[PDB]
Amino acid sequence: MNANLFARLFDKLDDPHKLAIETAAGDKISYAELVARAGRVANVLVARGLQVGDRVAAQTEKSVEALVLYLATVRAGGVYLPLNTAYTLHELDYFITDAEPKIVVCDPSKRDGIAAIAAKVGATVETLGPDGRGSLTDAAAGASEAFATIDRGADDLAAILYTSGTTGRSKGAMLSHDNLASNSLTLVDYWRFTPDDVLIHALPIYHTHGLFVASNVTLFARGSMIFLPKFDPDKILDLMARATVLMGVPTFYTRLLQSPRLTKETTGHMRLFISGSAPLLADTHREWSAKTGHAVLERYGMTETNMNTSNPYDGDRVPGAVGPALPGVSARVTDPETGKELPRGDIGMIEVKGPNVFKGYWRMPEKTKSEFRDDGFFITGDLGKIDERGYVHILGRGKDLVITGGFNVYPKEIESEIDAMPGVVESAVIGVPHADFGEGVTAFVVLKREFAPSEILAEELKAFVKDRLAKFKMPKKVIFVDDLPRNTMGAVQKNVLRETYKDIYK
């Protein structure tokens, strides 16, 4: 009855020699071998001073060795804290000071700098490079495989993951053993994962999608994964002939649609394509079906809540919707101000409750207090509606709402009209300070190669818009850009645009 996530995963192993992970080089690691690696590393953590409840902070390139570190930390009763690989030394300083880890694991090339940051909280530093070598690996080589998995309760912490930083400075989400186990167990059944599944794993592992959804679902299912260091469209296309599942973000799908190799024939061995972590546009969903004949299954989750909703595996997968609430999860829509539930179909604040919902923000009990309703529902910060069939539709983030001359403007519906114009790849709509209207609706528009940006084209876009947008929804300015700013996970970073273009109306 140990709730420890590692114990749930591995204490009963009825097929130990089954493949768990194939590495980028083609080496194959069984379940038993993965478990024994985790034992070695758990013993290393204890030898480097880990006590139960301590954080282990990890900034490394992706490798099976890094995945093992996650499993070992959890196994040893520690609290695993992965960190964006792209964070600079100064950026990293905040997270280490916030979390106060006992152990920091970093790239060998960053050791001297990170050791200084580590000294402030008295942390021991080990290294792990892109090839899986380093001081962590040296210590693990002579360590014992046997390890008594630490007894943990359902509500004890297994991880702290920092949010992506999209709306503001990243917050540390305290995730329990039951949060992670309950969610992945539900998804194994909901997505019909079996031991025959082979997951193409091309997502980073400092984020909930690549770390938990991809890994835990595969491991509970007793399937395997092909563990690639990054997204590479030609490698992914090659592997589909011998894999069954891809978990991706919308940009994976938009990129793959640009390959002339993406055909029915090339994808025909595949069981399931999943999209998550950012809005999969309805037109992309339809473009994928027209080109490949597969219907992408989209799901919606957050760092704080793991997965909340999912289009059904065996039901309608609806373009532009993120599906009903998962088994065990409750989802409702409420008036942002008052907090009362709205009728089905009305746009409001999405709130969720369930064993998937985290225990709070690390060392932010006030912020935590403000984001839970008295009845325990978590305020997502995402606006949307739930239709009559129970499917959640996400209209946009609350922070992205633009208030202009007295009117609420929802940037997704403007972006959709703009994106419909031939010549437009995609658009991002924000408000920036405006002396007349308070905030001015501003459209940032990425063009196809064949089109040149001009004031004339901007007017033609506005003319196109236009009959389909209420006067008050019309952008006060159109700005052509080479590319939208995105984070390492592919999510548009509207705060980047708000800062760069803050003075356009001055």
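Residue numbers here begin at 1 and follow the sequence given.
Of the two stretches 331-339 and 281-289, which shows the higher Cα B-factor on average in the entry? So the stretch with the higher mean C-alpha B-factor is 331-339.
Which is higher on mean Cα B factor in this entry, 216-224 or 82-90? It is 82-90 that shows the higher mean C-alpha B-factor.
If you check the C-alpha B-factor for each of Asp467, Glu65, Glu33, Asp54 in the entry, which is highest? By C-alpha B-factor in the record, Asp467 ranks first.
Maximum C-alpha temperature factor per the entry, among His434, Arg75, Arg242, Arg169, belongs to which one? Highest CA B-factor of the listed options: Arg169.
Assigned third (lowest, middle, highest) for the C-alpha B factor of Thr254: Answer is middle: the recorded C-alpha B-factor places it there.
B-factor third for the C-alpha atom of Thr97 within its chain: It belongs to the highest third of the chain when residues are ordered by C-alpha B-factor.
Third of the chain's Cα B-factor distribution that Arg373 belongs to, per the entry: It belongs to the highest third of the chain when residues are ordered by C-alpha B-factor.
Which third of the chain holds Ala463 when residues are ordered by C-alpha B factor: lowest, middle or highest? As the PDB entry reports it, the C-alpha B-factor of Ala463 lands in the highest third of its chain.
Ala20 CA temperature factor, ranked by third within the chain: For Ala20, whose C-alpha B-factor we compare with every modelled residue in the chain, the answer is the lowest third.
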